[PDB]
Every structure is written in structure tokens, then in C-alpha cells.
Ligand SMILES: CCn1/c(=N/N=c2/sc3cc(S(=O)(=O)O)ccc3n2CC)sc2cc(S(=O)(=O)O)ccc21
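The chain below stands alone and is given as C-alpha cells, in the form solved without the ligand.
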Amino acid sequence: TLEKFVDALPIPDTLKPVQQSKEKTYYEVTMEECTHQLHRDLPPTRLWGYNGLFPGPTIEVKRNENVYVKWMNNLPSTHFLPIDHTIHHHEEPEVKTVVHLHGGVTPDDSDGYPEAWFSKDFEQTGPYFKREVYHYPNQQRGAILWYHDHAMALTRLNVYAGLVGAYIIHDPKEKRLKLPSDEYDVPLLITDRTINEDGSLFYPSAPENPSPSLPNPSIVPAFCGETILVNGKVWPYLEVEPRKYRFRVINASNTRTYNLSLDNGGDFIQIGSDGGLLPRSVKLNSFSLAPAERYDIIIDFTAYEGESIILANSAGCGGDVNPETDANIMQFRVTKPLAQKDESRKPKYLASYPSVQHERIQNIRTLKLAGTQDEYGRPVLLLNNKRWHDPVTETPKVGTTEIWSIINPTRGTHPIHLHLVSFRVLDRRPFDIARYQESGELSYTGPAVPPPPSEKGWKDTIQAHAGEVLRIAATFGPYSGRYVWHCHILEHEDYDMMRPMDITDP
């Protein structure tokens, strides 16, 4: 049992360029086995880190800044987490990596395609690898992005090992809004972990009470960590000044969804979603945050000087939350003296509505969340009962707008992520699950519900709840090529709830 709120929240340093000109910014990031202490009372933990850090360095760019990152593997040839050899079938290395800039409006060969992996020093490369140095032209709205490993059949492990980091796009136009900035703009990467007494990470090599059918190790369909970390520390505290802060909240956990509140009942102000500023600020007492979602929020500590306020969590993982463990994320202490006047603002009017768009609907895809069961008895989670390797069926035309209607007859929520694009949420609508399973027929049991205000901006990872049809609309561009869409519960993604998405150009 690890005592809460005894370590200061780390704030990862901003990565510095290896070279930089007006025309181009060039970075190098090397994946390394490293060691860091995750809590005061734990021995140091073995981890895989971008530049030896967990989380990796925060990367800061401007809109349209012409960025290059050479992501390099300098990792050991064997993994320290349990590899399931049965889920994926010219011998390949055991350890493979590839970096996805999540939310990036990125050319396809710089997107971190799962089969564009590489081993150490690029010695072996996957069949879709094209380049060492990834290109991020950043021709997109200011927003909270994040970067993480995306390698075929290894994503859950490589991310759990520590390969996650923040990437912020600043649009200079935003600066007139005078949102809290500099030291008052802080990323919060939330990752749940289970840690052994000797400090080493625990990741299960099989489900609990394994049928002796199962290979060993075997993938599991879900992972819930006993402990919550923010920016690489267990249940940390952050000293803040009694003023407005902006927080870039990122769910970088494998499976766990959070439902966040402040334990004094105080409110957040949501200013942004995955795809950038909301049209209007939204005052919220709590919010849901599934894997890979980002909330850009203001918290105003002005009236709370001296207080300790816990960022709390009501969502369970595999059970009800426990008040003494996973009900806690971190603790704010409003005890830092003001370094200057708070000149920041919490404005109402942030940006254009998505509905200012009037694109023609080129196509409507109906998609279902399902799966089968393998030789060993395990669930294999599938998008439209296709395997990753089946020929591509999601094939939007570049420059066109589609509506995707995602049908979820399963028992749980799935956070669905589309690469390249951000999209708008149209509505959700409940249906008869038994009927749909029995007949394939979709019968609605209620009217369509528009998105809550949090989802009236631009999203790239979206919760598809059980027993609902979710509809989204996306314009596919500006690049054509081979991308992916998938569930972002990593245990599902790897087996095998991920499909190719080809954006075609005549």
C-alpha cells in the first residue's frame, strides 16, 4: 500500500531540437531501457523511455512548423514484458517499435503504421516501413497531441513499458485569447500501473485462473492497474498558485477509463477536445476520459488559496473504485506564491463551430464492433468481423466527407480512433442488442441524442457505448494513403480490433 501524495508531480522537459532553422526543425528521440523511481517508497523501476524518460519529453511546435523527428530504437533485443507469440503469424525480431503521433495530420509513411515497425538501429524493418525520419508538417489546428508506440501485436506492451509522451501544437492566433500559458499550462499524462514490491512493473502473462488450453504467455482482454500515475509518479501532488491554470489532460493508459472530478465539488472549464479548441468554453463538474482522449481544461484556483484539492475518479476498472487507491489521481496544493499577476483569461468564445462546414455526404459507412473466439478459447475483438490482415474495406476518397455509423452490440464501451482526421460527433442512439445479434436487424429503442457540449468540437478518439449506434462525420484529407482505425483499448487493438483505412486518390 503506497502512501498517496508524497511525491511532487514531474513536468517533463520540452524536447530541444538537434537543428533548427526558419525552414525546418529537426529532432532526435531514442527509445532506451532506463530506470526511474515511481514513488518515494519504491526501488527504481526498469522502463522503456523516449530519450530515457517516462513520460517522454514534451514536444512543442507551432502550427505549420515544418517538423522532423528521427525516432530511433536502442532497446534490448528481448522484451521484459510477457510476449504472446500466438496472436501474430523471414524471421522477425521479437522487439519492434514504431511511433504514432496521435492526432497528427501526417503523411502516411510518417504516421506510425503498425507494420512500419523497426528493430534496433533499423536493422530489420516491417513490410510497410519507408523512412527513418518522420515528417510532421503540423498543418492543423492548435491542439493536445501525444505520441506512443504503435507496433503490430506489441502495442499494449510497448506503451505499458513507458513509451508515451506529449506533443503540443500552438497556433499563434490562439495567443490573443490569453489562455494560461508557460508554467501555468501543464500536461497531465495519466497511466495506471501495477508495480511489484521490488519496484518492477507487473503486467499479466495470462488471464486469472487460466484454462490450461491457453498459451503462455497469453494476451488478456483488459488491463486494470492498481495504482494511478501522473507524469510518471504514483499519486503525486502539484503545488499551484492561487490563479487559473490550463491543463492538457491525456489518458495514456492501456484500458482504464477515468471519470474525473475535484473533491471539493469545484468545476473545470473545458476549452478543448482531441482536435483543438471547442467553439465555446464549457463549465463541467466532472468528465469522462477513455484511453487516448484529451481534455484541454482550465482550473481556477484563485478562490482556493491554502487548500488541498484531490483530482478524483469515480470510474471503476474491473470493479467499483476503491476510495483509498484508484479513486485518486493527484492532489493540488494551492500554496505556491504568485509569481506575477494572473493576466490569463477564461473566455467563452473560442473558435468556429464545426457546423460552419457544409460538405456533401459522399458515403455512409455502417460498422460494427464484434469478434470471434480463437482455438484456445480467447475472445478476438474485431471491427466488422474482419481481421487486420483481411483486405481493406474502409476506403474513403480523399477530400470527401463520410458519415460513419458505429454499431456496438458488445457489453462495453470502445474508444474508437481514426488516424489522420479529426471528426465531429452527430449523435448516439440506443438499439435492441438481442434482436441485432439474432437477426442482424437494427431496431432503435429511443430517439437520437446529440453529443454533450464536450463533444461539439473536433474529436479523434470517441467513446462508442454499449447498445448504441454512434454517428460521426469526417472529411478525409488532406493526404491520401494507407492509415488505420481501431479501438484504443490496447489489449483489444492488438487482438485484433484494428483495420486498415485507405484514403484513395483517383
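Numbers for residues come from their place in the sequence shown, where the first is 1.
Absent from the display: the form deposited with the ligand bound. The rest refers to it.
- Although the chain is displayed without it, the ligand can be placed by superposition from its pose in the deposited complex; doing so yields no atom within 2.4 Å of a backbone or C-beta atom, and the site is open.
- Shown alone here, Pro347 lies farther than 4.5 Å from the ligand in the deposited complex, counting heavy atoms only.
- The ligand is not shown here, but in the deposited complex it comes within 4.5 Å of a heavy atom of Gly412.
- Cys317 belongs to the set of residues with a heavy atom inside 4.5 Å of the ligand in the deposited complex.
- Contact annotation: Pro221 falls within 4.5 Å of the ligand in the deposited complex, judged by heavy atom distances.
- The stretch from 374-382, 123-131, 391-399, 262-270 that comes within 4.5 Å of the ligand in the deposited complex, counting heavy atoms only, is 374-382.
- This chain is drawn without the ligand; in the deposited complex, the residue among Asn231, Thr255, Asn138, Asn313 with a heavy atom within 4.5 Å of it is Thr255.
- Residue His492 is the only one in 472-505 with at least one heavy atom within 4.5 Å of the ligand in the deposited complex.
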